[PDB]
């Protein structure tokens, strides 16, 4: 079977483009990217059409990873299309669960990415107003989480 996952954050410019790029590298490294549909999206308005924050592009490249993602908002359609919607923080989870209630045929399991961390750092905090170390944090969380997530659902 093909599986599908959409990573979500507030803006789709800092966190979820990282989570998406990390998961895609993972599946590609494992030679199973033909069995996954992967994307990322935003709860909010704030950045649609933008490329990821320079700090996220520079963090990903420190780790050998690029992304061609442009920010987009999560749609009602995303609740039907994706098997998993994995989000960064509790405001994102609140907002997704609320939105999901307007979708008659919601099929997605909506969870926090951090719920899969073996080190139990539940929350992947917005790094925008932080510094480059906070981006690196986010990256390390997404590595840990994504690997556990794939080990569970592969």
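Positions refer to the first chain, counted from 1.
- Legend: mean Cα B-factor per stretch from the PDB entry, 28 to 36 versus 60 to 68; the higher mean is in 28 to 36.
- For the pair 127 to 135 and 15 to 23, the mean Cα B-factor is higher in 127 to 135.
- Per the PDB record, residue ranking by Cα B-factor puts residue 148 in the middle third of the chain.
- Among the modelled residues of its chain, residue 114 has a C-alpha B-factor that falls in the lowest third, as given in the PDB entry.
- When the modelled residues of the chain are ordered by their C-alpha B factor, residue 87 lands in the lowest third.
- For residue 102, the recorded CA temperature factor ranks within the highest third of the chain's modelled residues.
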